[PDB]
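The next block holds one structure in the form of structure tokens; read it before the comments.
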Amino acid sequence: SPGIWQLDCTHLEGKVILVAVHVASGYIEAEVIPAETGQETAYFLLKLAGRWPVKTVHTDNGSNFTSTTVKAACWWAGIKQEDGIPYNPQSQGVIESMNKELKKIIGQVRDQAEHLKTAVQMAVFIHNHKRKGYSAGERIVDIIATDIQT
Amino acid sequence: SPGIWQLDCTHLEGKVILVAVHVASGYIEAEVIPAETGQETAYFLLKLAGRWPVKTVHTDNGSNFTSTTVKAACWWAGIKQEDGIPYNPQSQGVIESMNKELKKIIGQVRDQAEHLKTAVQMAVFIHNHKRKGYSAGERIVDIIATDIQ
Ligand SMILES: NCCCCCC(=O)N[C@H]1Cc2ccccc2[C@@H]1Cc1ccc2c(c1C(=O)O)OCO2
Ligand SMILES: NCCCCCC(=O)N[C@H]1Cc2ccccc2[C@@H]1Cc1ccc2c(c1C(=O)O)OCO2
């Protein structure tokens, strides 16, 4: 559970926002990309895995599951690549709600930045610091620290 | 100390590698950029601060210290912008050693990637996971968790 992440792809302003959610905490990382390709997804995963201990990634769709570049990145970074089939059906709804929330925050900050990528990073900041009580940022750190003492 | 970061700028293949070091742990984040501008530095800081609890940043030079865009990012993200004057003189050497180490790792992986940015992210991964004994990645998490508790 401490090492499980979920990829998620949402759209805004004719661009793609690629999101990784740390399942146990709700902490996220995100980037704006022109289109969701294997190469973009692979590069995003490499960045993520150098920053947090990524053990398992539930890919967002079958194309990224299949992509040889994504498999190469997962091999390189020691990540177990899994599907994202919501065997637990509440997962689809949680992700959809998260996407709606992110789009809302982006809208609230959009005017403070010239570029969408900047607004998305502002939204990541706000999401991860939001007290809901601990923040997602506090939760991921706690969860991983607890795991290390084991 | 748990919230203190140091910016660092090094060069390779006619490009710029911008690095943030978490001082207490030695954990790093890094990106390749065409040139070190206020705008690049500001954007990098926004990314960093949304991901880790950045309280204080020791800027890498006076231009980024002065940049109004960098100040805007630090204001926005709630970061205290400080200079990077090594009042403690061992700081220059530690950073220089880190840059050398990173360039070495980059060289070791360079052939596995078409693009420099990919090699740099591989080097970040290796640096943060390297057991010295705990890894830098384990140390940053421990330090911040202790601070929360
Ligand atoms: N020079 C001879 C070797 C060239 C082999 C290229 C090759 O398949 N490496 C993989 C191995 C590997 C392993 C993990 C991550 C990336 C990569 C690379 C793929 C890659 C993917 C996405 C990107 C990239 C590159 C890049 O290649 O940089 O750049 C920006 O987004
Ligand atoms: N209604 C439009 C008003 C325009 C205000 C522009 C403005 O100063 N925002 C700051 C506020 C703010 C606060 C923190 C970080 C960035 C920014 C933004 C600066 C910025 C910097 C670097 C970048 C950017 C943009 C960007 O502006 O996206 O893009 C990629 O690298």
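Following the order of the structure tokens, first chain is A, next is B, and so on, with residues numbered from 1 inside each chain and ligands from 1 in the order they appear.
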Residues within 8 Å of ligand 1 should be enumerated using only C-alpha atoms and all ligand atoms and returned as a ChimeraX atom specification. /A:38-43,45-46,69-70,72-77 /B:110-119,122
Now that the selection is made, can you save its residues with C-alpha atoms as a PDB file, in the first residue's frame?
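Output (again05.pdb):
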```
ATOM      1  CA  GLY A  38       3.869   6.144 -24.228  1.00  0.00           C
ATOM      2  CA  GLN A  39       6.955   8.353 -24.239  1.00  0.00           C
ATOM      3  CA  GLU A  40       5.331  11.120 -22.139  1.00  0.00           C
ATOM      4  CA  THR A  41       3.954   8.551 -19.689  1.00  0.00           C
ATOM      5  CA  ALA A  42       7.325   6.751 -19.442  1.00  0.00           C
ATOM      6  CA  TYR A  43       9.186  10.003 -18.753  1.00  0.00           C
ATOM      7  CA  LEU A  45       7.004   7.668 -14.385  1.00  0.00           C
ATOM      8  CA  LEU A  46      10.791   7.967 -14.295  1.00  0.00           C
ATOM      9  CA  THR A  69       8.382   2.544 -23.747  1.00  0.00           C
ATOM     10  CA  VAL A  70       6.222   2.504 -20.595  1.00  0.00           C
ATOM     11  CA  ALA A  72      10.918  -0.016 -20.393  1.00  0.00           C
ATOM     12  CA  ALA A  73      10.539   2.799 -17.864  1.00  0.00           C
ATOM     13  CA  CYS A  74       8.843   0.482 -15.356  1.00  0.00           C
ATOM     14  CA  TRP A  75      11.582  -2.078 -15.812  1.00  0.00           C
ATOM     15  CA  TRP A  76      14.268   0.597 -15.438  1.00  0.00           C
ATOM     16  CA  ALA A  77      12.750   2.126 -12.317  1.00  0.00           C
TER      17      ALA A  77
ATOM     18  CA  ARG B 110      23.886   8.495 -20.774  1.00  0.00           C
ATOM     19  CA  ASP B 111      23.856   5.703 -23.379  1.00  0.00           C
ATOM     20  CA  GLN B 112      20.545   4.294 -22.075  1.00  0.00           C
ATOM     21  CA  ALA B 113      18.637   7.422 -23.113  1.00  0.00           C
ATOM     22  CA  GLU B 114      18.282   9.399 -26.300  1.00  0.00           C
ATOM     23  CA  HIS B 115      17.805  12.684 -24.397  1.00  0.00           C
ATOM     24  CA  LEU B 116      19.778  14.403 -21.637  1.00  0.00           C
ATOM     25  CA  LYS B 117      16.661  15.178 -19.563  1.00  0.00           C
ATOM     26  CA  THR B 118      15.969  11.447 -19.303  1.00  0.00           C
ATOM     27  CA  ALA B 119      19.555  10.741 -18.185  1.00  0.00           C
ATOM     28  CA  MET B 122      17.841   8.531 -14.095  1.00  0.00           C
TER      29      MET B 122
END
```
Select residues of chain B: the criterion is any atom within 7 Å of an atom of chain A, counting only C-alpha atoms; output as a VMD selection string. chain B and resid 43 46 to 47 49 to 51 118 121 124 to 125 128 141 to 142 145
Give the residues close to ligand 2, within 12 Å, counting only C-alpha atoms and all ligand atoms; write them as a short mmCIF file (atom, residue, chain, number, x, y, z; two decimals) with N, CA and C atoms, in the first residue's frame.
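In the end it all went to selection14.cif:
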```cif
data_model
loop_
_atom_site.label_atom_id
_atom_site.label_comp_id
_atom_site.auth_asym_id
_atom_site.auth_seq_id
_atom_site.Cartn_x
_atom_site.Cartn_y
_atom_site.Cartn_z
N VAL A 32 1.40 18.92 -17.42
CA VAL A 32 0.68 19.18 -18.66
C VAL A 32 1.52 18.63 -19.82
N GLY A 107 -9.34 26.34 -12.21
CA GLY A 107 -10.20 27.48 -12.52
C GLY A 107 -10.04 28.61 -11.53
N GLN A 108 -9.93 28.29 -10.24
CA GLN A 108 -9.76 29.31 -9.21
C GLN A 108 -8.43 30.07 -9.30
N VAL A 109 -7.38 29.43 -9.81
CA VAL A 109 -6.06 30.07 -9.93
C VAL A 109 -5.72 30.53 -11.34
N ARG A 110 -6.52 30.09 -12.32
CA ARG A 110 -6.16 30.22 -13.74
C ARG A 110 -5.68 31.62 -14.12
N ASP A 111 -6.34 32.63 -13.56
CA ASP A 111 -6.03 34.04 -13.85
C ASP A 111 -4.68 34.50 -13.31
N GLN A 112 -4.14 33.79 -12.33
CA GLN A 112 -2.85 34.16 -11.72
C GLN A 112 -1.64 33.70 -12.53
N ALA A 113 -1.88 32.95 -13.60
CA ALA A 113 -0.80 32.44 -14.44
C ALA A 113 -1.12 32.62 -15.91
N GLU A 114 -0.09 32.96 -16.67
CA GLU A 114 -0.18 33.03 -18.11
C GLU A 114 -0.41 31.65 -18.71
N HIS A 115 0.25 30.62 -18.17
CA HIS A 115 0.24 29.29 -18.80
C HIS A 115 -0.46 28.22 -17.96
N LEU A 116 -1.16 27.33 -18.65
CA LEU A 116 -1.87 26.24 -17.99
C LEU A 116 -0.99 25.37 -17.09
N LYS A 117 0.24 25.09 -17.52
CA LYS A 117 1.12 24.21 -16.75
C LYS A 117 1.38 24.80 -15.36
N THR A 118 1.53 26.12 -15.31
CA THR A 118 1.71 26.84 -14.05
C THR A 118 0.48 26.70 -13.14
N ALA A 119 -0.71 26.88 -13.71
CA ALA A 119 -1.96 26.72 -12.98
C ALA A 119 -2.13 25.31 -12.43
N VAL A 120 -1.71 24.32 -13.21
CA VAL A 120 -1.81 22.93 -12.80
C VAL A 120 -0.88 22.69 -11.60
N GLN A 121 0.33 23.22 -11.65
CA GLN A 121 1.25 23.10 -10.51
C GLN A 121 0.76 23.85 -9.26
N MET A 122 0.08 24.98 -9.45
CA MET A 122 -0.58 25.65 -8.34
C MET A 122 -1.65 24.75 -7.76
N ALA A 123 -2.41 24.09 -8.63
CA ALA A 123 -3.47 23.18 -8.18
C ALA A 123 -2.90 21.96 -7.44
N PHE A 125 -0.15 22.04 -5.69
CA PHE A 125 0.27 22.59 -4.41
C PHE A 125 -0.93 22.67 -3.46
N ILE B 33 17.00 22.54 -18.38
CA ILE B 33 16.38 23.74 -18.96
C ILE B 33 17.34 24.36 -19.98
N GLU B 36 19.23 29.21 -17.45
CA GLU B 36 18.69 29.56 -16.14
C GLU B 36 18.10 30.96 -16.17
N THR B 37 16.78 31.04 -16.31
CA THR B 37 16.10 32.32 -16.20
C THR B 37 15.28 32.36 -14.92
N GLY B 38 14.88 33.58 -14.54
CA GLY B 38 13.96 33.76 -13.44
C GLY B 38 12.71 32.92 -13.63
N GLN B 39 12.15 32.94 -14.83
CA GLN B 39 10.93 32.19 -15.11
C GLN B 39 11.11 30.68 -14.93
N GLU B 40 12.20 30.13 -15.45
CA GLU B 40 12.48 28.69 -15.25
C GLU B 40 12.63 28.36 -13.77
N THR B 41 13.40 29.18 -13.05
CA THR B 41 13.64 28.96 -11.64
C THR B 41 12.33 29.05 -10.83
N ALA B 42 11.47 30.01 -11.17
CA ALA B 42 10.21 30.23 -10.49
C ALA B 42 9.28 29.04 -10.67
N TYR B 43 9.20 28.55 -11.90
CA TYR B 43 8.37 27.40 -12.24
C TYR B 43 8.88 26.15 -11.51
N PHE B 44 10.20 25.95 -11.52
CA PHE B 44 10.83 24.82 -10.79
C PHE B 44 10.46 24.86 -9.30
N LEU B 45 10.51 26.05 -8.71
CA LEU B 45 10.21 26.21 -7.28
C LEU B 45 8.75 25.90 -6.93
N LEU B 46 7.84 26.34 -7.79
CA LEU B 46 6.43 26.03 -7.66
C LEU B 46 6.19 24.51 -7.69
N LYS B 47 6.83 23.81 -8.62
CA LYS B 47 6.75 22.36 -8.68
C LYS B 47 7.27 21.74 -7.40
N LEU B 48 8.47 22.13 -6.99
CA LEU B 48 9.08 21.59 -5.79
C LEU B 48 8.21 21.78 -4.54
N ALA B 49 7.65 22.97 -4.38
CA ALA B 49 6.93 23.33 -3.16
C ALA B 49 5.54 22.68 -3.05
N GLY B 50 4.96 22.31 -4.19
CA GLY B 50 3.74 21.52 -4.21
C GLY B 50 3.95 20.06 -3.86
N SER B 67 15.36 38.28 -9.06
CA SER B 67 14.28 38.13 -10.02
C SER B 67 12.90 38.34 -9.37
N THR B 68 12.09 39.21 -9.97
CA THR B 68 10.76 39.48 -9.46
C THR B 68 9.85 38.26 -9.69
N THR B 69 10.08 37.51 -10.76
CA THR B 69 9.33 36.28 -10.99
C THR B 69 9.64 35.23 -9.92
N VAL B 70 10.91 35.09 -9.54
CA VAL B 70 11.29 34.17 -8.47
C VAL B 70 10.67 34.63 -7.15
N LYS B 71 10.73 35.92 -6.85
CA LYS B 71 10.08 36.44 -5.64
C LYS B 71 8.58 36.16 -5.66
N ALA B 72 7.96 36.30 -6.83
CA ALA B 72 6.53 36.06 -6.95
C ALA B 72 6.21 34.61 -6.64
N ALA B 73 7.00 33.68 -7.18
CA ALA B 73 6.82 32.26 -6.90
C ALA B 73 7.00 31.93 -5.44
N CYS B 74 8.02 32.53 -4.82
CA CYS B 74 8.28 32.30 -3.39
C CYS B 74 7.16 32.87 -2.52
N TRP B 75 6.68 34.05 -2.88
CA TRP B 75 5.52 34.60 -2.21
C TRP B 75 4.33 33.63 -2.38
N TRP B 76 4.07 33.21 -3.61
CA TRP B 76 2.87 32.41 -3.88
C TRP B 76 2.90 31.12 -3.07
N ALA B 77 4.05 30.46 -3.09
CA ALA B 77 4.22 29.17 -2.45
C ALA B 77 4.59 29.26 -0.97
N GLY B 78 4.67 30.46 -0.42
CA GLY B 78 4.94 30.62 1.01
C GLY B 78 6.36 30.24 1.38
N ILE B 79 7.32 30.55 0.50
CA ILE B 79 8.70 30.17 0.71
C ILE B 79 9.50 31.39 1.11
#
```
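Among the candidates B:123, B:9, B:4, B:95, the one nearest to residue 25 in chain B when counting only C-alpha atoms is B:4.
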Within 7 Å of residue 59 in chain B using only C-alpha atoms, minus same-chain residues under 6 positions, as a list in words: residues 6, 7, 65, 81, 82, 83 and 84 of chain B
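The space separating CA of residue 101 in chain A from CA of residue 1 in chain A comes to 23.6 Å.
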Could you pull out all residues of chain A with a DSSP call of strand (DSSP E) and give them as a PyMOL selection string? chain A and resi 4-12+15-22+27-33+56-58+80-82
Alpha helix (DSSP H) per DSSP on the backbone: members of chain A, as number ranges by chain: A: 38-51, 62-66, 68-77, 90-109, 116-129, 136-148
